[PDB]
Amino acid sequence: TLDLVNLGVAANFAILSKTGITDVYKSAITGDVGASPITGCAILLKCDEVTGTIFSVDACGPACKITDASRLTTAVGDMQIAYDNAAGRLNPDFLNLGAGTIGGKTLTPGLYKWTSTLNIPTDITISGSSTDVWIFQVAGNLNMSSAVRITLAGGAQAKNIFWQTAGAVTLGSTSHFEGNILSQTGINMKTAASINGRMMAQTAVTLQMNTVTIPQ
(Lines of atoms letter the chains of each structure in order from A and count residues from 1; the text may use other names and numbers.)
(Lines give C-alpha, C1' and ligand atoms only; values in the text may rest on other atoms or scores of the structure.)
Protein backbone atom coordinates (compact mmCIF):
# COMPACT_ATOMS: atom_id res chain seq x y z
CA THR A 1 0.00 0.00 0.00
CA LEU A 2 2.75 2.54 1.01
CA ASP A 3 4.94 3.42 -2.03
CA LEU A 4 8.75 2.85 -1.94
CA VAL A 5 11.01 5.89 -1.64
CA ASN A 6 12.77 6.05 -5.06
CA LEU A 7 16.51 6.75 -4.40
CA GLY A 8 17.42 6.99 -8.13
CA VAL A 9 21.23 6.92 -8.64
CA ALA A 10 21.72 7.16 -4.80
CA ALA A 11 20.50 3.47 -4.71
CA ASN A 12 24.01 2.48 -5.98
CA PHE A 13 25.75 3.80 -2.77
CA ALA A 14 26.19 2.22 0.68
CA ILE A 15 27.46 5.69 1.90
CA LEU A 16 26.69 9.05 0.20
CA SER A 17 27.43 12.38 1.98
CA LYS A 18 27.89 16.06 1.01
CA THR A 19 30.76 17.02 3.43
CA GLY A 20 32.67 13.76 3.60
CA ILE A 21 33.19 10.50 5.38
CA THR A 22 35.41 10.17 8.48
CA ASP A 23 36.55 6.77 9.79
CA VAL A 24 38.36 5.16 12.70
CA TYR A 25 40.27 2.27 11.05
CA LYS A 26 39.30 -0.44 10.35
CA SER A 27 35.70 -0.38 8.88
CA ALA A 28 34.13 -2.95 6.45
CA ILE A 29 31.91 -1.30 3.75
CA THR A 30 30.15 -3.37 1.04
CA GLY A 31 28.92 -1.17 -1.84
CA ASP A 32 29.98 2.11 -3.49
CA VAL A 33 30.85 5.26 -1.46
CA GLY A 34 30.74 8.90 -2.54
CA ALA A 35 30.75 12.53 -1.40
CA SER A 36 29.80 15.67 -3.42
CA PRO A 37 30.22 18.58 -3.76
CA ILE A 38 33.12 18.37 -1.19
CA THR A 39 36.68 17.46 -2.38
CA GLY A 40 37.50 13.68 -2.48
CA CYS A 41 40.15 14.29 0.22
CA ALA A 42 37.12 14.64 2.66
CA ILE A 43 36.67 10.81 2.22
CA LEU A 44 39.04 9.34 4.89
CA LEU A 45 38.43 5.64 3.96
CA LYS A 46 41.35 3.32 2.94
CA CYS A 47 40.94 1.19 -0.23
CA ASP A 48 41.01 -2.10 1.83
CA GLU A 49 37.85 -0.76 3.75
CA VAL A 50 35.51 -0.63 0.71
CA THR A 51 34.28 -3.52 -1.42
CA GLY A 52 33.03 -1.40 -4.32
CA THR A 53 34.01 1.96 -5.85
CA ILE A 54 35.09 5.11 -3.94
CA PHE A 55 33.81 8.09 -6.06
CA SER A 56 35.41 11.61 -5.88
CA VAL A 57 34.41 14.93 -7.53
CA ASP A 58 38.19 15.64 -8.22
CA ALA A 59 41.78 14.19 -8.44
CA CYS A 60 41.93 14.16 -4.56
CA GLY A 61 41.31 11.15 -2.26
CA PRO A 62 42.04 7.45 -1.61
CA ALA A 63 44.50 5.78 -4.14
CA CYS A 64 41.67 3.58 -5.71
CA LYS A 65 39.25 6.60 -6.05
CA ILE A 66 37.38 7.07 -9.38
CA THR A 67 36.84 10.74 -10.34
CA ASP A 68 33.23 11.17 -11.55
CA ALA A 69 31.68 14.60 -10.76
CA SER A 70 28.64 14.03 -13.00
CA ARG A 71 27.53 10.71 -11.40
CA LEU A 72 28.00 12.18 -7.86
CA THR A 73 25.99 15.32 -8.85
CA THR A 74 23.12 13.05 -9.97
CA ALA A 75 23.39 10.74 -6.90
CA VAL A 76 23.32 13.70 -4.43
CA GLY A 77 20.47 15.35 -6.33
CA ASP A 78 18.60 11.99 -6.29
CA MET A 79 19.34 11.73 -2.51
CA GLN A 80 17.73 15.24 -1.92
CA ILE A 81 14.63 14.24 -4.02
CA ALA A 82 14.39 11.01 -1.92
CA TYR A 83 14.73 13.01 1.34
CA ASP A 84 11.95 15.51 0.26
CA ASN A 85 9.75 12.60 -0.97
CA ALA A 86 10.09 10.73 2.39
CA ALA A 87 9.62 13.96 4.45
CA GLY A 88 6.59 14.90 2.25
CA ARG A 89 4.44 11.73 2.77
CA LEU A 90 1.03 12.65 4.37
CA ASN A 91 -1.54 10.81 6.55
CA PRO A 92 0.78 8.94 8.94
CA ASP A 93 -0.52 5.62 10.39
CA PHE A 94 1.24 6.63 13.67
CA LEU A 95 2.24 9.95 15.28
CA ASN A 96 4.55 10.09 18.35
CA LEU A 97 4.49 6.28 18.99
CA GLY A 98 5.99 5.45 22.42
CA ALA A 99 6.25 9.25 23.07
CA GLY A 100 9.67 9.08 21.26
CA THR A 101 11.17 5.91 22.91
CA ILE A 102 10.23 2.71 21.03
CA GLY A 103 12.37 0.10 22.85
CA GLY A 104 10.85 -3.44 22.75
CA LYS A 105 8.21 -2.59 20.05
CA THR A 106 7.35 -4.68 17.00
CA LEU A 107 6.71 -2.17 14.11
CA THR A 108 4.10 -3.26 11.50
CA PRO A 109 4.13 -1.62 8.03
CA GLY A 110 3.13 1.96 7.21
CA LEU A 111 4.01 5.62 7.70
CA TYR A 112 5.29 6.73 11.13
CA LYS A 113 5.88 10.33 12.23
CA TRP A 114 7.65 11.85 15.30
CA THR A 115 7.66 15.64 15.95
CA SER A 116 10.53 14.98 18.43
CA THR A 117 13.81 13.06 18.65
CA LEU A 118 13.29 9.29 18.29
CA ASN A 119 15.18 7.02 20.74
CA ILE A 120 15.67 3.21 20.47
CA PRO A 121 17.14 2.11 23.85
CA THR A 122 16.28 -1.63 23.57
CA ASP A 123 15.84 -4.21 20.78
CA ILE A 124 12.95 -3.69 18.28
CA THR A 125 11.48 -5.90 15.57
CA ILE A 126 10.22 -4.69 12.15
CA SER A 127 7.56 -7.25 11.08
CA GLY A 128 5.84 -7.54 7.66
CA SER A 129 6.06 -9.19 4.19
CA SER A 130 8.94 -9.15 1.61
CA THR A 131 6.91 -6.39 -0.17
CA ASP A 132 5.76 -4.26 2.85
CA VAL A 133 7.20 -0.70 3.24
CA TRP A 134 8.11 1.29 6.39
CA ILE A 135 8.71 5.05 6.33
CA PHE A 136 9.87 6.61 9.65
CA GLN A 137 9.63 10.43 9.66
CA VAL A 138 11.65 12.02 12.51
CA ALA A 139 11.59 15.84 12.97
CA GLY A 140 14.54 15.67 15.48
CA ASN A 141 17.54 13.34 16.00
CA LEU A 142 17.52 9.58 15.83
CA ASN A 143 19.42 7.74 18.57
CA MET A 144 20.03 4.03 19.01
CA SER A 145 21.78 2.87 22.22
CA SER A 146 24.82 0.53 22.46
CA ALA A 147 24.14 -3.16 21.64
CA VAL A 148 20.55 -2.40 20.46
CA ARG A 149 19.61 -4.65 17.48
CA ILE A 150 16.81 -4.10 14.94
CA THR A 151 15.42 -7.55 13.95
CA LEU A 152 13.48 -8.15 10.70
CA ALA A 153 10.55 -10.64 10.98
CA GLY A 154 8.05 -12.11 8.49
CA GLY A 155 10.12 -11.42 5.31
CA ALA A 156 10.57 -7.65 6.00
CA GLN A 157 13.56 -6.47 3.80
CA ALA A 158 16.04 -3.66 4.67
CA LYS A 159 15.57 -2.22 1.12
CA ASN A 160 11.86 -1.51 1.93
CA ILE A 161 12.68 0.47 5.13
CA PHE A 162 13.31 4.26 5.09
CA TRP A 163 14.37 6.51 7.97
CA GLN A 164 14.05 10.25 7.26
CA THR A 165 15.60 12.52 9.92
CA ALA A 166 15.69 16.36 10.12
CA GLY A 167 18.44 16.06 12.80
CA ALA A 168 21.56 13.91 13.21
CA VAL A 169 21.54 10.12 13.57
CA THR A 170 23.69 8.47 16.28
CA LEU A 171 24.07 4.71 16.22
CA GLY A 172 25.53 3.47 19.51
CA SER A 173 28.61 1.25 19.87
CA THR A 174 27.97 -2.41 18.82
CA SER A 175 24.34 -1.52 17.71
CA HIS A 176 22.80 -3.19 14.56
CA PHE A 177 20.59 -1.05 12.27
CA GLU A 178 18.25 -2.07 9.39
CA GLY A 179 17.08 0.25 6.56
CA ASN A 180 18.02 3.31 4.46
CA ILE A 181 18.85 6.48 6.43
CA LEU A 182 18.04 9.83 4.71
CA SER A 183 19.59 12.41 7.14
CA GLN A 184 19.29 16.20 6.65
CA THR A 185 22.55 16.37 8.64
CA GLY A 186 24.97 13.70 9.86
CA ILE A 187 24.98 9.96 10.43
CA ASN A 188 27.36 9.05 13.27
CA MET A 189 28.20 5.40 14.01
CA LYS A 190 30.13 4.27 17.13
CA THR A 191 32.72 1.47 17.67
CA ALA A 192 31.72 -1.87 15.97
CA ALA A 193 28.07 -0.72 15.22
CA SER A 194 26.74 -2.38 12.03
CA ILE A 195 24.15 -1.31 9.46
CA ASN A 196 22.36 -3.28 6.77
CA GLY A 197 21.22 -0.21 4.83
CA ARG A 198 22.43 2.99 3.12
CA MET A 199 23.85 6.07 4.89
CA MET A 200 22.64 9.11 2.88
CA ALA A 201 23.70 12.28 4.79
CA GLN A 202 23.31 15.91 3.57
CA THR A 203 26.35 16.72 5.80
CA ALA A 204 28.83 14.01 6.88
CA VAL A 205 28.93 10.29 7.72
CA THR A 206 31.26 9.37 10.60
CA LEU A 207 32.45 5.82 11.29
CA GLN A 208 34.30 4.04 14.08
CA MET A 209 35.27 0.45 13.02
CA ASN A 210 31.75 -0.14 11.48
CA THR A 211 30.30 -2.83 9.20
CA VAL A 212 28.15 -1.21 6.46
CA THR A 213 26.33 -3.43 3.91
CA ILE A 214 24.04 -2.24 1.10
CA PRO A 215 20.63 -4.05 1.25
CA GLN A 216 20.18 -6.96 -1.26
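Sequential numbering from 1, following the sequence displayed.
Relative to one another, 155 to 163 and 56 to 64 have unequal mean CA B-factors, and 56 to 64 is the one with the higher figure.
When the modelled residues of the chain are ordered by C-alpha B-factor, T106 sits in the highest third.
Placement of the Cα temperature factor of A193 within the chain: middle third of the modelled residues, per the deposited record. Sorting the modelled residues of the chain by their CA temperature factor places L207 in the lowest third. The PDB entry assigns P92 a C-alpha temperature factor belonging to the middle third of its chain's modelled residues. Ranked against the other modelled residues of its chain, the C-alpha B-factor of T51 as given in the entry falls in the lowest third.
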